[PDB]
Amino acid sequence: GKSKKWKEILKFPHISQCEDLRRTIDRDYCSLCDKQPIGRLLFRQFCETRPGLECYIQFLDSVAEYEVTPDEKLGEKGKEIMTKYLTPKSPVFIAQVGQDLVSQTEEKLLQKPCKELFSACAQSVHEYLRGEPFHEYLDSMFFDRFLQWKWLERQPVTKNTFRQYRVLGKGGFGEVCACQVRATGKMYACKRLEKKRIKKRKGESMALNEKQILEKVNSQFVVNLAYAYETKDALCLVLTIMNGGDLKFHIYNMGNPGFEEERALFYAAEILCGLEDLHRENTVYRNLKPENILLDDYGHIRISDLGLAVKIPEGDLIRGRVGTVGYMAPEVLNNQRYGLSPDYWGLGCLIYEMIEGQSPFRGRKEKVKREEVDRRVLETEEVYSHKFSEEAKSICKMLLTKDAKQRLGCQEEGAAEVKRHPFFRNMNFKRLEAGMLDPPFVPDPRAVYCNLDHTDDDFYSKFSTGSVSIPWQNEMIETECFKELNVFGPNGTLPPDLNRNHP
């Protein structure tokens, strides 16, 4: 449901308007041709016009397909890629991989199919495209078209950019609504934070820290920030909409209470990936409880409520007795210097609670004081039942290690150590990261699973930074605004908006 004149709102500016962008955007290959979705598509499209570059894009696609193929179907897919791209007789043969590398992948196959068989090749292909082909693209009409898309991306964002609907959720500093971009029709979840409630409460550094954390991370398993704008009365955060309910509701109201181990395996895998993406920015979550794990329309989960998250300086630790009773690691309850370890304790709490249907230190039918819940977390060893496989008991016992030094995933290796745990032995993380594994529960679409100071003006400028690059470009592609607007001249000629002669 796009606006009536959405083609006028996203109307491409004349290429002459982007000269300032041309001389400020860093010409980074990985950023302009891979990370940024629209730049990626435009660079691919530029390679579509060259017969030599074409075969290199098709191969990377075929390797991406190879990485997610089942194990019993690797050798089949591997031989296909070989006899189509890496055969010197082929029509779409890759010539920029040395003859002493095509030979190696032929041996690798003879040995045994490995899911990274073409990793060496793919890297050589990128080693070639980052050179000449990339610098030719920079002087092509497709990079000028990219500058036009960046220009639109940079445009200011106000309340009139969105269409507010219904108040779906509440909390602290404000409420959570559901908004829609008028020009594209994509649904989001506004997080209206009332300004008066932030000044009176002197928590401006907490709201800015949450926005910066939300924008810096992009993950399929954490709520993403798309826009940050100020409105006269509140400071809004536009986040991923999640309409499938939260994990607490599904554990207890839809559960046994609890899930089958296999079903909990799926959610734990996605949660673990969410934590790994957060930890890549050395950011600790500290708020892992079932009601913060939300489900989307398809049944996948994202981590939500990053208001308790903080960015840990590399090589440093932090203090903070924060979180929810029952979901605080011992090092947090003791108010010690900790790192990312609280999140792996939380992950243990979640896996246990999903399988067993209750918290590892508080029975569902038990009524105990906050103090006794902490004593158990610090002294009592949790007990397991026949709902847990030996592998499930293991990973939970290791993640619930009282000593953060011996806790799983809390070594220099990080989330990788948790992904090898026998509990995930039947989990293909590559296919999960690529969205190829069907969720165990698909929500029904029609479901309802539920003052004039200047220092304030300086705090609003650092917050209301506008649209977020990657989410915005993804919004354009998903809504098919990119497909419809990204048109050129007939027979590969310059369109008017890209011709500097007549503006």
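Numbers follow the displayed sequence, beginning with 1. Only the largest set of C-alpha atoms that superpose within 1.5 Å between the two forms is called the rigid core.
Where the structures in 7 other deposited structures of this protein are fitted on the rigid core, 104 to 112 is the one of 104 to 112 and 275 to 283 whose C-alphas sit farther from the shown form on average.
According to the PDB record, 176 to 184 carries the higher mean C-alpha B-factor of the two stretches 150 to 158 and 176 to 184.
For the two regions 375 to 383 and 193 to 201, the entry's Cα B-factors average higher over 193 to 201. Between the residues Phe43, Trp472, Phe441, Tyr449, the entry's highest C-alpha temperature factor is the one at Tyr449. Taking only the listed residues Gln104, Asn335, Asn428, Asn292, the entry reports the highest CA temperature factor at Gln104.
Per-chain ranking of the deposited C-alpha B factor places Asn491 in the highest third. When the modelled residues of the chain are ordered by C-alpha B-factor, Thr465 sits in the middle third. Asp61 sits in the middle third of its chain by CA B factor, as recorded in the PDB entry. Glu276 sits in the lowest third of its chain by CA B factor, as recorded in the PDB entry. Ranked by Cα temperature factor within the chain, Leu53 sits in the highest third according to the deposited record.
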